[PDB]
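Understanding the architecture of this molecule
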Amino acid sequence: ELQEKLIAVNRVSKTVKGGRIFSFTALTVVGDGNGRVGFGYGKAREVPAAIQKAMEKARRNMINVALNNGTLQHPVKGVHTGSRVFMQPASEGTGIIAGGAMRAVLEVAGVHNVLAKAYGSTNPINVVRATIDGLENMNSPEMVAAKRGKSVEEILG
Amino acid sequence: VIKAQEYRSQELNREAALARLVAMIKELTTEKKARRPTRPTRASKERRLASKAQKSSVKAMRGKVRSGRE
């Protein structure tokens, strides 16, 4: 019903007077496979608790993507914090040609065919945020034909 | 082959020649004390091992937190 994916689990440290307090940050994407995708960061003292927090945050921070039969509507960029993501639609047999932390986002979002490329920093949190930024930057032909008062055929004709 | 002519007196010159001979033989036959090679101090060896073990623990904590308990 709602596909969930754990991209990364990190061990962070706090350094208190006694010593180091090691914590775990998760990072997950959830998505219905049909253009709804969200990500949750989540963090806790233990890894399964961090993962549960991340999943519960992703379930409620989901956005809508207008995608065209399992691929993008047009080439799109998605910058976030030094991470620059470039995604681009592909024919219906290409598969998800995307790096780490883009692959999971697109797979749970339902983009089956995409030619993506990550530039700059490939830090997974920012890459996920950048992928989602690009996916919501994407416009559908009906959205464009609504913005410019015009028929969908008059636009894509 | 020594030539001693510092003095107007042959006896002074003869003793000066013998003195030069003795001084030269001494300086040429005195043996340089041998230099035995030294090792790193065991304190430094333990320092090396301790730094290695500390970085070992830090690298074990760093990086990949895979298994995921999931």
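Conventions adopted
- Residues numbered from 1 in each chain as written, not as in the entry; some residues may be left out.
- Chains lettered and ligands numbered in written order.
- Part of a larger assembly, values for the part shown.
- Heavy atoms only, no water.
- Residues with missing side-chain atoms left out of burial classes, pairs and counts.
- UniProt positions renumbered as here; feature names shortened; annotations may be inferred.
- Contact = heavy atoms within 4.5 Å.
- Helix = DSSP H or I, 4+ residues; strand = E, 2+ residues; numbered from the N terminus.
- Nonpolar A, V, L, I, M, F, W, Y, C, P; charged D, E, K, R; others polar.

For this coordinate set, the PDB header names cryo-EM as the determination method and states a resolution of 2.6 Å.

Labelled according to the PDB entry, chain B appears under the name Alternative stalled-ribosome rescue factor B, originating from Escherichia coli. Looking at the PDB record, one finds the entry titled "Structure of the P+9 ArfB-ribosome complex in the post-hydrolysis state". According to the UniProt record, the Sequence similarities (unreviewed entry) comment for chain B is "Belongs to the prokaryotic/mitochondrial release factor family."

Under the annotation held in the PDB entry, chain A carries the name 30S ribosomal protein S5 and is attributed to Escherichia coli. Taken directly from UniProt, the Sequence similarities (unreviewed entry) text for chain A runs: "Belongs to the universal ribosomal protein uS5 family." Checking UniProt for chain A, the heading Subunit (unreviewed entry) contains the comment "Part of the 30S ribosomal subunit. Contacts proteins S4 and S8."

At the junction of the two partners, chain A supplies eight residues and chain B supplies seven residues. Broken down by secondary-structure element, the contributors of at least two residues to the side of chain A that touches chain B are strand 1 (3-13), strand 2 (22-31) and helix 1 (47-58) of chain A. Here the side of chain A that touches chain B is composed, by residue class, of six nonpolar, one polar and one charged.

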